[PDB]
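We count ligands from 1, going down the list as the structure has it; atoms in each ligand are counted the same way. So that the names make sense, note that chain A is the first sequence line, chain B the second, and so on, each numbered from 1.
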Amino acid sequence: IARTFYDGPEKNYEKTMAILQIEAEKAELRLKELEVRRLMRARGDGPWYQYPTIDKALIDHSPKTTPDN
Amino acid sequence: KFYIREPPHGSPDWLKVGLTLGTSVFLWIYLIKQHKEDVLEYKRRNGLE
Amino acid sequence: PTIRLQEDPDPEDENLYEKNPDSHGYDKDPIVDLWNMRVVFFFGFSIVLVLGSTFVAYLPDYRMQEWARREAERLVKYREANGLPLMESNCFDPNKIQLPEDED
Amino acid sequence: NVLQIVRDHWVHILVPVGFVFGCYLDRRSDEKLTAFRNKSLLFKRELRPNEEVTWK
Amino acid sequence: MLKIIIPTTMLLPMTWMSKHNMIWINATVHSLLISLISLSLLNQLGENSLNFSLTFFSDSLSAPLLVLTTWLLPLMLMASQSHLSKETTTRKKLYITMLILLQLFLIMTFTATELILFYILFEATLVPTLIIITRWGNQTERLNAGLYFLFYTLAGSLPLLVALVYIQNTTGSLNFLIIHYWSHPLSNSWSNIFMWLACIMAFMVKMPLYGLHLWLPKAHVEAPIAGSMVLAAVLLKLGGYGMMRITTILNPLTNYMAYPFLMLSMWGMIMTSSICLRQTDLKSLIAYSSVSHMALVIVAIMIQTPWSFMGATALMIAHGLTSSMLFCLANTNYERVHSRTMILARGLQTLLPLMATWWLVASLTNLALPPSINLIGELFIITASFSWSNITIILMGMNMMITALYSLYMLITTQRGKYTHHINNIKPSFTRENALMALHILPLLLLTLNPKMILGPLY
Amino acid sequence: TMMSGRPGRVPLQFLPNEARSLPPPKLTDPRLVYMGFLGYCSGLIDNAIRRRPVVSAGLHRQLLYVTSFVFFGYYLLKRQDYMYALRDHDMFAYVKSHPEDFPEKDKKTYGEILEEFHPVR
Amino acid sequence: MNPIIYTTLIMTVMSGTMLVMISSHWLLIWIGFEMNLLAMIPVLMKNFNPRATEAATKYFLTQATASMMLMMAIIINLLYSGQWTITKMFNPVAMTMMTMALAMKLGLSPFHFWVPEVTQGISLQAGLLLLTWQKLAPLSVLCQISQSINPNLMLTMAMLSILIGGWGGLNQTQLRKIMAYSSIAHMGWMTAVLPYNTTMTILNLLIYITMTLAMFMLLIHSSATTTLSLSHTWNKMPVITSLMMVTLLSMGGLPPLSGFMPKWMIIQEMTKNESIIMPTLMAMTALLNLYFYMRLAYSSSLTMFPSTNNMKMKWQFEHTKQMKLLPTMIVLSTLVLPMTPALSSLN
Amino acid sequence: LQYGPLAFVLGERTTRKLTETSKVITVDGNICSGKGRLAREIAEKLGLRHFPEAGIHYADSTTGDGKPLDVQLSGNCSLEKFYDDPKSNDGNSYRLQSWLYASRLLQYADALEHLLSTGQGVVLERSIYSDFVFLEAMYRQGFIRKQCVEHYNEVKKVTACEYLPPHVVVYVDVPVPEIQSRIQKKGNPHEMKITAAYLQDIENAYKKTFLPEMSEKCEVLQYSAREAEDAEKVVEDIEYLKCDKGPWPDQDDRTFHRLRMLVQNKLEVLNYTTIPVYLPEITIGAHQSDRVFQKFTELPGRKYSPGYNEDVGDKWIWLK
Amino acid sequence: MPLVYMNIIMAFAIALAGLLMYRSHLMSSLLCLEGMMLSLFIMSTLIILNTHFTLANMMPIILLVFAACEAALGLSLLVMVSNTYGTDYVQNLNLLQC
Ligand SMILES: CCCCCCCCCCCCCCCCCC(=O)OC[C@H](COP(=O)([O-])OCC(O)COP(=O)([O-])OC[C@@H](COC(=O)CCCCCCCCCCCCCCCCC)OC(=O)CCCCCCCCCCCCCCCCC)OC(=O)CCCCCCCCCCCCCCCCC
Ligand SMILES: CCCCCCCCCCCCCCCCC[C@@H](O)O[C@H](CO[C@H](O)CCCCCCCCCCCCCCC)COP(=O)(O)OCC[N+](C)(C)C
Ligand SMILES: CCCCCCCCCCCCCCCCC[C@@H](O)O[C@H](CO[C@H](O)CCCCCCCCCCCCCCC)COP(=O)(O)OCC[N+](C)(C)C
Ligand SMILES: CCCCCCCCCCCCCCCCC[C@@H](O)O[C@H](CO[C@H](O)CCCCCCCCCCCCCCC)COP(=O)(O)OCC[N+](C)(C)C
Ligand SMILES: CCCCCCCCCCCCCCCCC[C@@H](O)O[C@H](CO[C@H](O)CCCCCCCCCCCCCCC)COP(=O)(O)OCC[N+](C)(C)C
Ligand SMILES: CCCCCCCC/C=C\CCCCCCCC(=O)O[C@H](COC(=O)CCCCCCC/C=C/CCCCCCCC)COP(=O)(O)OCCN
Ligand SMILES: Nc1ncnc2c1ncn2[C@@H]1O[C@H](COP(=O)(O)OP(=O)(O)O)[C@@H](O)[C@H]1O
């Protein structure tokens with residue numbers, strides 16, 4: 001029965017270690033992502049949460065019929 | 001039997017069948033070519049093959 | 001009409017034993033009935049029940065309980081041959097444990 | 001005789017084929033978790049001079 | 001373990017493509033084959049689980065439940081094909097589809113490896129059951145029964161979803177292995193108290209706890225026979241499985257929290273066992289029996305000792321089998337006389353002898369006769385409770401006396417005395433009914449032959 | 001909100017040029033197979049609603065349903081993978097550029113940490 | 001109405017919505033709203049009767065008042081900062097005015113009163129348009145300015161909408177009023193997560209639109225506007241009623257259906273914040289919507305109501321014009337939960 | 001291209017196929033009048049299409065094969081049983097009346113569709129506009145109740161308002177003794193049981209209400225028994241009418257487009273016939289409904305759409 | 001902020017309240033709507049005139065155009081309501097109560 005239908009304990013043991021490593025990495029990544037999101041939303045120095053500002057290419061830098069602009 | 005002969009023909013509407021099968025075949029061929037091009041482009045960028 | 005609906009009357013129960021005095025209570029068609037009985041009996045009592053119980057009774061000891069008995073025998077033999085307490089109240093060696101230096 | 005009985009009882013192969021496909025899919029799934037094959041502190045073993053993997 | 005999941009999804013189109021007079025045969029045969037396949041999960045290890053893939057796993061607590069589900073489907077198929085004889089082929093295939101979907105959701109539920117997937121399947125099980133009850137029931141109360149069944153569950157289970165997402169946001173994962181290895185104690189806080197309540201109350205409602213147990217008599221009495229079988233055998237054990245899984249995170253908060261639930265469980269044990277003494281309806285009597293047994297399981301899970309968990313697993317399996325058999329036995333008489341009143345058909349031992357001995361063996365296993373697995377589980381829980389407190393024996397003792405009382409009362413009322421004179425349409429028992437009874441009862445004895453298979457991971 | 005404004009982003013591209021440096025989803029991807037299953041279900045529901053033999057009425061239109069769903073699903077999966085890759089890239093870069101907010105703490109062993117014990121009795 | 005004129009009016013409605021979506025100028029967004037309303041009024045009145053006139057008048061008055069408030073908010077924002085660009089909304093009084101204007105355009109409580117009356121008074125096609133397409137522009141504008149949005153006001157209106165939709169739906173026998181109240185509750189669910197994540201808002205919007213399109217198309221296929229007229233459908237179109245029952249279950253939010261996914265994501269996003277109490281109340285209140293969906297399912301699919309004799313003549317005739325995408329909308333409205341992670345293509 | 005908005009935006013208008021000889025004509029007379037033969041003669045002289053009077057199985061003739069179905073699957077009422085027992089407590093009288101009204105509504109829709117699609121005129125042997133005379137005859141004789149009359153009035157109010165009245169209303173006036181004599185000379189045993197009061201009520205209703213009401217919007221040409229045989233006179237009398245009073249001269253292309261969209265889609269035509277008003281005479285329980293409907297789909301060519309029934313000879317199904 | 005700005009904003013608020021409160025005739029509500037347009041036009045013009053923004057001088061024109069569009073829409077609806085009931089009373093618009 002063991003030979004025909006099942007495997008040794010090494011296979012399940014090492015598959016369990018692989019699965020545990022994957023899940024632990026995913027957990028630490030989720031916590032890190034939450035912290036990074038909080039920091040970027042608080043500061044705004046990150047790529048994320050960049051709200052638009054007015055493009056300076058719209059400004060007209062020409063004499064304005066009055067020297068004091 | 002039918003009193004009137006059911007405008008959807010008793011034979012297949014060969015025009016609709018034709019362009020339906022044609023667009024299915026075209027979509028499949030385009031998807032295969034897109035997949036091959038994506039695989040080659042990805043291998044080219046990442047220095048694999 | 002003194003009624004509320006054009007509703008069918010409630011039909012009476014159809015006794016399966018009437019048209020088939022040996023009816024097995026599976027289907028109205030005797031052939032399908034007999035074969036339903038046969039497949040249920042063969043795949044339930046013959047295949048799953050007996051063969052499955054035999055398979056369960058001869059499952060290999062993956063629970064590792066003869067192994068545990070053998071290990072216990074070896075440790076008891078070794079420990080009693082050397083005048084040892086045969087079991088220690090500390091599951092782990094206290095040397096690899098760093099208790100807080102003070103609780104005062 | 002074969003044609004009609006096959007067209008009548010072709011449905012009896014769906015569940016056995018499903019079981020075979022499930023076995024194959026289990027094999028494909030567990031061949032993706034080999035990151036620790038023959039690397040455990042408890043089962044790290046020297047490979048025999050003829051094999052290549054401790055378990056498939 | 002897709003070797004079990006995919007054959008059920010293949011049961012689906014095989015049923016939908018089978019010819020009109022071969023649906024029951026094909027469904028029964030291939031469901032029996034699937035149960036034979038699933039029987040291979042009982043080869044459990046002794047230290048860790050069977051981690052098949054990243055999403056499915058199995059230990060010795062879920063393997064007996066999976067085997068019970070896969071075995072129960074063919075029994076429900078056999079019991080259903082009598083009252084659906086006049087039904088059109090399409091709606092017969094729809095009924096079989098409902099049963100198959102219920103099995104698939106249950107199979108994935110017992111092996112889902114993280115809490116959110118388990119929750120999704122746990123609540124997905126509600127839709128096929130509701131459709132079955134409210135579409136194929138007989139009386140006008142099936143609608144209200146389905147409403148009670150749905151809303152009692154959802155009211156207790158939505159806070160569980162909120163708590164689960166909160167837990168994952170705080171700890172980072174909900175995979176059971178990571179949750180167990182990285183577990184940390186709960187502080188004695190109001191926030192922690194309410195998170196405990198949110199984690200526990202869904203499974204309390206599902207067990208059900210004595211308080212929130214009202215949906216159960218309505219649902220089990222108004223349901224068709226297969227619906228009653230699946231409700232009593234498997235669907236009540238989802239709460240026990242969920243508690244035995246979720247409790248690891250809850251401790252040490254459980255010690256001062258479990259008091260109201262323990263008190264409710266024990267006193268309601270007594271109360272619901274006393275209710276069965278004055279039940280004029282057979283199905284309601286069996287339903288209240290289920291309530292009392294599951295209260296015992298709640299006590300076992302709450303006190304959290306290894307003997308408690310072993311007894312809870314054994315009792316869950318034993319009750320599933322016994323309650324299924326009792327419901328089928330009651331349904332045979334119901335199909336005979338078209339009424340559920342206990343005192344209508346009396347003295348049935350004279351006219352149906354073999355069915356009478358089926359009744360006797362079902363009643364014997366219900367009142368926990370040794371050395372059945374029913375008594376193994378009950379006695380393990382009783383010993384654990386005696387260790388918890390020596391005063392529990394009084395309550396436990398009272399319950400045993402009332403359980404034997406109503407079990408033998410039901411047997412005597414239905415089977416003994418003199419047959420009612422007016423009823424003359426009691427036909428001899430069919431081979432299908434006797435086979436169904438035998439297929440319920442033989443596994444119980446074969447399991448008491450080898451009892452370690454249903455004693456859980458603490459064994 | 002969070003990803004709406006990002007530097008160097010083309011408005012309605014749906015698939016930036018930098019997404020081609022990612023491995024394309026396999027054609028036997030289980031999500032693509034599920035999309036094809038959705039197409040098959042749409043075809044069957046189309047047959048049933050119009051009162052036609054559900055399994056066998058229109059094979060060309062069912063094939064068109066399946067291939068349309070697969071075709072849309074492939075690009076949907078590509079964009080999904082690209083956005084998740086962007087999320088991970090940005091998070092890693094932010095962690096690297098702000099060391100003081102993500103400091104590596106001292107490694108302690110379970111022989112040194114004192115966990116309180118709660119007996120079960 | 002002439003088909004050419006009807007097509008022109010529908011395209012004008014759609015072009016107003018697109019102008020609202022593609023404009024960076026406040027005046028152009030206001031013009032888009034006004035164009036949308038101007039072309040939308042006749043469509044409600046396509047089939048002329050006193051009820052359609054009433055619905056058109058009430059809708060016009062509500063939307064005109066909302067346009068008043070929106071223009072006033074724009075002008076105040078201009079006064080306190082000479083900016084015409086749709087941005088953070090530098091003034092808080094203008095922000096409150098804008099929030100109430102857009103909420104009253106959407107139908108959020110306490111401004112919810114107009115929606116049940118207008119939906120009941122128009123046909124099923126105009127009701128479909130009103131309850132699906134007319135929500136995009138106000139929600140787009142709300143998404144664009146969600147940074148400056150006040151959490152206390154928006155969350156209050158969202159919770160009020162959920163409660164009122166759930167309660168009002170319980171009392172309804174007509175199908176159009178049921179759909180309107182469900183629309184109000186879904187609007188509340190959409191706007192609750194708006195200050196936290198607009199991607200979740202867009203996801204809930206798409207799922208709700210798919211379910212609503214499926215439900216209106218089913219109600220148009222089986223020409224039913226009341227509970228008892230839909231109770232007859234099983235005797236002519238059993239498949240339609242079964243599909244409708246599954247769609248109703250999906251609308252309720254029970255897993256593993258598509259409807260469950262938007263609430264599941266919104267709850268997760270809110271609990272990423274602290275925000276524990278409010279999602280709990282939202283779920284316990286969505287229970288009411290599930291209840292009256294189940295009442296409809298009991299009346300239409302899970303039981304068989306008495307029929308009439310003249311249905312035998314309907315048994316001999318087919319459905320003449322079949323609406324396209326009905327099959328696709330049903331499938332997307334039920335079997336899409338396993339594709340949940342694909343929401344990352346929305347941000 | 002099936003007619004719809006697309007066929008209207010480009011090309012197809014219907015005022016360019018109306019050729020002044022369309023003239024929807026309906027012939028009305030008391031039971032056992034020469035109205036049928038007069039209508040046939042009028043149709044074959046004018047070159048119009050003749051519509052034989054709609055009976056119980058009229059809808060059967062336009063669907064599937066023209067052969068009628070069983071009474072249990074269509075109609076669920078018989079005219080013979082109404083003549084035998086007009087006061088039976090099973091509700092046969094009003095059930096027959098309502099089924100006949102629905103059949104007449106369907107036939108009017110078909111006639112209007114033919115008129116608006118080909119321009120050719122039609123001749124009808126009765127209409128929904130004159131079916132109420134039998135309703136009033138049954139009510140006055142105690143055959144039906146007042147609730148049945150109210151239900152009929154609601155259905156007629158919500159249904160008949162959407163169509164155009166006929167151009168010409170032809171009435172064949174035959175007095176009650178003469179129609180009784182003709183019935184006696186007929187040979188049918190069942191009819192011979194018609195009391196004279198029933199025919200008098202039908203005649204009273206026709207003269208008092210149908211003709212006065214149709215006078216404000218139609219051309220009414222009364223005749224007598226002896227004037228009907230010479231149909232040439234009737235045809236040349238129709239040729240010299242002035243169709244100026246009805247709503248037909250006020251119809252544009254948009255009104256015709258709406259009406260043409262309505263006359264097809266027979267489900268939309270019959271929509272309001274099955275309103276959820278629970279009269280015991282016409283309401284059918286769930287069990288009987290399910291049984292009869294299941295029996296209906298078991299018919300040879302009725303399970304699927306009119307092009308996908310394999311068991312009536314439809315081939316190439318998998319490619320449609 | 002000047003005091004003329006207070007007066008214009010108070011005019012807008014008064015017109016909004018007048019619209020909100022309904023007496024009998026619909027016509028008066030449309031008058032209040034047109035007054036709200038008038039106040040918005042005046043406020044926009046004053047702000048636009050005060051800070052010399054040259055290109056926004058056209059937006060009051062567009063505001064008046066769309067104000068006229070609203071006025072025409074309301075008048076058409078009032079025509080149809082009066083045709084149905086003979087009076088423009090809002091009390092008659094209560095069919096959608098049930
Ligand atoms: C998770 C795992 C997978 C699960 C996924 C979900 C389920 C599967 C997908 C669902 C969608 C697919 C189909 C939908 C359209 C079908 C509609 C229908 O009516 O079908 C009729 C049709 C039979 O009709 P027919 O033959 O044309 O002639 C008879 C008349 O048509 C007879 O016509 P009629 O007019 O007499 O019918 C009347 C009847 C008709 O009413 C219905 O049939 C109900 C329609 C189903 C609703 C579907 C809505 C959308 C799907 C959502 C599913 C939810 C799942 C989540 C769990 C919650 C459950 C609700 O209505 C009633 O009698 C009232 C009963 C009220 C009961 C209320 C419960 C209904 C809802 C339950 C839905 C659950 C899923 C059912 C799936 C299959 C159902 C056919 O059924 C089929 O034949 C199709 C079955 C599937 C075909 C697959 C076969 C492919 C080849 C086989 C081999 C496989 C691979 C081979 C390779 C191997 C190598 C060798
Ligand atoms: C000497 C023997 C005396 C005693 C006999 C004892 C009787 C035992 C037989 C009963 C078997 C119980 C069923 C349990 C099957 C286990 C299924 C699964 O776990 O095994 C699969 C193994 O495949 C097996 O071949 C399964 C075949 C068993 C199929 C059972 C069908 C029996 C039904 C017969 C009904 C009669 C049909 C006639 C109809 C009228 C796994 O696939 P795979 O991942 O690769 O294997 C991994 C291990 N390896 C690599 C070492 C091989
Ligand atoms: C009608 C006539 C009645 C009277 C006549 C009766 C005829 C004679 C019967 C009397 C004989 C009594 C039996 C005596 C006991 C002998 C059997 C015993 O030896 O087997 C047991 C074994 O029992 C089996 O394990 C029973 C299997 C349990 C049943 C499997 C389940 C079947 C599937 C059905 C679905 C169930 C779903 C519920 C969840 C599981 C012992 O366990 P174990 O010592 O270790 O194994 C011994 C072999 N070893 C040493 C190599 C290990
Ligand atoms: C029908 C069946 C329904 C199911 C029944 C479920 C029962 C759930 C009850 C949960 C039990 C524990 C909840 C409260 C924990 C402590 C008990 C309470 O007495 O607190 C005391 C405090 O005194 C006061 O009682 C405080 C609570 C006052 C408010 C509670 C009154 C609620 C009335 C009961 C309503 C019935 C419940 C069902 C509602 C539908 C203890 O003093 P202290 O050691 O300092 O605080 C310990 C907790 N700390 C450490 C986190 C602070
Ligand atoms: C039940 C599911 C409902 C789905 C709704 C319909 C499904 C089909 C969608 C139609 C596909 C065509 C749409 C766009 C294709 C090309 C246009 C391209 O430019 O779009 C870009 C990107 O494409 C779209 O934005 C994403 C469309 C993807 C829709 C599918 C996601 C469904 C949600 C998850 C449910 C699972 C569904 C599985 C398939 C049925 C826009 O980028 P950007 O200008 O920057 O966005 C501005 C707005 N933002 C930033 C606030 C988002
Ligand atoms: C069949 C009917 C059964 C119905 C039972 C349903 C109620 C279940 C018990 C309460 C469920 C709601 C719990 C909320 C979700 C838990 C999440 C959690 O615990 O996190 C807490 C949040 O805790 C809460 O906010 C709990 C608020 C509770 C509000 C909901 C009221 C529900 C009714 C309360 C009394 C009834 C509950 C018991 C009734 C039992 C059934 C009879 C910590 O969050 P922070 O805000 O960050 O605090 C620490 C950081 N400073
Ligand atoms: N609305 C109705 N209600 C009851 N009976 C009707 C109705 N309409 C027609 N009939 C019956 O149909 C039969 C045929 O009508 P008729 O045209 O007068 O005979 P014929 O076709 O020989 O000219 C008559 O017996 C008449 O009573």
Side-chain angles (χ1 to χ4, degrees), chain A residues 1-8 11, chain C residues 35 38-39 42-43 46-48 50-59, chain D residues 12 15-16 19-20 22-31 55-56, chain E residues 1-4 7 29-30 32-43 50 52 148 151-167 169-170 186-206 208-215 253 256-265 268, chain G residues 267 271 273-281 283-284 287:
Chain A
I1 284 179
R3 185 177 65 247
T4 303
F5 296 112
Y6 305 108
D7 284 290
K11 165 168 190 160
Chain C
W35 274 106
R38 288 182 179 177
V39 297
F42 179 74
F43 288 103
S46 310
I47 295 311
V48 175
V50 163
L51 287 176
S53 301
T54 310
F55 176 83
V56 163
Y58 284 106
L59 276 174
Chain D
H12 291 105
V15 168
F19 162 73
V20 170
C23 281
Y24 163 69
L25 280 176
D26 284 332
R27 278 160 172 220
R28 275 208 48 74
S29 71
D30 68 4
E31 66 183 1
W55 51 263
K56 293 180 181 178
Chain E
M1 68 165 318
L2 300 171
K3 59 181 63 73
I4 320 183
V29 161
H30 292 285
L32 287 166
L33 297 175
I34 289 180
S35 53
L36 168 81
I37 294 307
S38 70
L39 196 66
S40 64
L41 289 174
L42 292 171
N43 182 230
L50 292 170
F52 304 115
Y148 266 53
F151 285 106
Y152 267 85
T153 303
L154 279 177
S157 81
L158 291 156
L160 175 68
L161 176 62
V162 178
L164 285 187
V165 300
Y166 169 82
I167 285 160
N169 292 335
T170 287
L186 282 180
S187 168
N188 187 9
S189 304
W190 286 117
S191 304
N192 283 339
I193 277 169
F194 282 107
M195 183 278 288
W196 194 98
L197 279 164
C199 289
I200 279 291
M201 277 314 264
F203 308 119
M204 294 296 172
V205 174
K206 272 266 182 186
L209 180 60
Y210 166 81
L212 326 166
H213 78 276
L214 292 198
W215 67 270
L253 187 58
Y256 111 92
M257 279 296 295
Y259 271 97
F261 298 90
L262 281 179
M263 294 307 93
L264 270 172
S265 294
Chain G
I267 287 181
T271 52
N273 297 115
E274 268 69 10
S275 191
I276 296 295
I277 295 156
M278 184 177 177
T280 304
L281 266 61
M284 305 300 264
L287 279 187

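- For atom 52 (C) of ligand 2, a protein heavy-atom neighbour is present inside the 4.0 Å cut-off.
- Of the protein's non-hydrogen atoms, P260(E) CG, 4.0 Å is the one closest to atom 11 (C) of ligand 4.
- Residue-ligand proximity: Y256(E) is placed with a non-hydrogen atom under 4.0 Å from ligand 4.
- Which of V29(E), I1(A), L33(E), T4(A) comes nearest to atom 49 (N) of ligand 2 through a heavy atom is settled by distance: it is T4(A).
- Looking at atom 8 (C) of ligand 4, its nearest protein heavy atom turns out to be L197(E) CD2, 4.1 Å.
- Per-atom contact check: atom 23 (O) of ligand 2 does not touch the protein, criterion being a heavy-atom distance below 4.0 Å.
- Ranking the protein heavy atoms by distance from atom 4 (C) of ligand 4 puts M201(E) CE, 3.8 Å first.
- Residue, atom and distance of the protein heavy atom nearest to atom 14 (C) of ligand 4 are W190(E) CZ3, 3.5 Å.
- What sits closest to atom 9 (C) of ligand 6 on the protein, heavy atoms only, is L197(E) CB, 3.6 Å.
- Considering only non-hydrogen protein atoms, atom 5 (C) of ligand 4 sits nearest to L264(E) CD1, 3.9 Å.
- Under 4.0 angstrom from ligand 4, there are no non-hydrogen atoms of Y259(E).
- Looking at atom 6 (C) of ligand 2, its nearest protein heavy atom turns out to be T54(C) CG2, 4.1 Å.
- Close contacts of ligand 6 with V205(E), meaning ligand atoms under 4.0 Å from a residue heavy atom, involve 1 (C).
- Scanning all protein heavy atoms for the shortest distance to atom 3 (C) of ligand 4 gives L212(E) CD2, 3.9 Å.
- Applying the 4.0 Å criterion to heavy atoms of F261(E) picks out, from ligand 4, the atoms 6 (C).
- By the criterion of a heavy-atom distance under 4.0 Å, both the backbone and the side chain of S191(E) are placed next to ligand 6.
- Within ligand 2, counting atoms from 1 as listed, the ones closer than 4.0 Å to a heavy atom of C23(D) are 42 (O).
- Closest protein heavy atom to atom 42 (C) of ligand 6: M201(E) CE, 4.3 Å.
- Using a 4.0 Å threshold on non-hydrogen atoms, atom 16 (C) of ligand 4 counts as touching the protein.
- Among all protein heavy atoms, the one lying closest to atom 50 (C) of ligand 2 is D7(A) OD1, 4.0 Å.
- Set against the non-hydrogen atoms of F194(E), the atoms of ligand 6 under 4.0 Å away are 13 (C), 19 (O), 26 (C).
- Of all protein heavy atoms, the one closest to atom 48 (C) of ligand 2 is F5(A) O, 3.4 Å.
- Under a 4.0 Å criterion applied to the non-hydrogen atoms of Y152(E), ligand 6 contributes the atoms 1 (C).
- Ligand 2 lies nowhere less than 4.0 angstrom from a heavy atom belonging to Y58(C).
- Remark: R27(D) CZ is loosely packed, at most 12 non-hydrogen atoms of other residues, nucleotides or ligands lying under 6.0 Å away.
- Of all atoms in ligand 2, listed by their number and element, those nearer than 4.0 Å to a heavy atom of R3(A) are 51 (C).
- For atom 29 (C) of ligand 4, the protein comes within 4.0 Å by no heavy atom at all.
- Contacts between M195(E) and ligand 6, counted as non-hydrogen atom pairs separated by less than 4.0 Å, involve both the backbone and the side chain.
- Closer than 4.0 Å to atom 38 (C) of ligand 2 lies none of the heavy atoms of the protein.
- Shown in contact with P159(E) at under 4.0 Å from a heavy atom are these atoms of ligand 6, numbered in order with element: 6 (C), 11 (C).
- The local environment of CH2 in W55(D) is crowded, with over 12 non-hydrogen atoms from other residues, nucleotides or ligands closer than 6.0 Å.
- For ligand 2, the polar-atom distance check against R27(D) finds a nitrogen or oxygen pair separated by under 3.5 Å.
- Selection from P208(E), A198(E), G211(E) by nearest heavy atom to atom 16 (C) of ligand 6 gives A198(E).
- Residue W196(E) is tested with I200(E), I193(E), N192(E) for a side chain to side chain contact (heavy atoms under 4.5 Å, CB included); the sole match is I200(E).
- Here is the list of ligand 4 atoms found below 4.0 Å of a heavy atom in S189(E): 51 (C).
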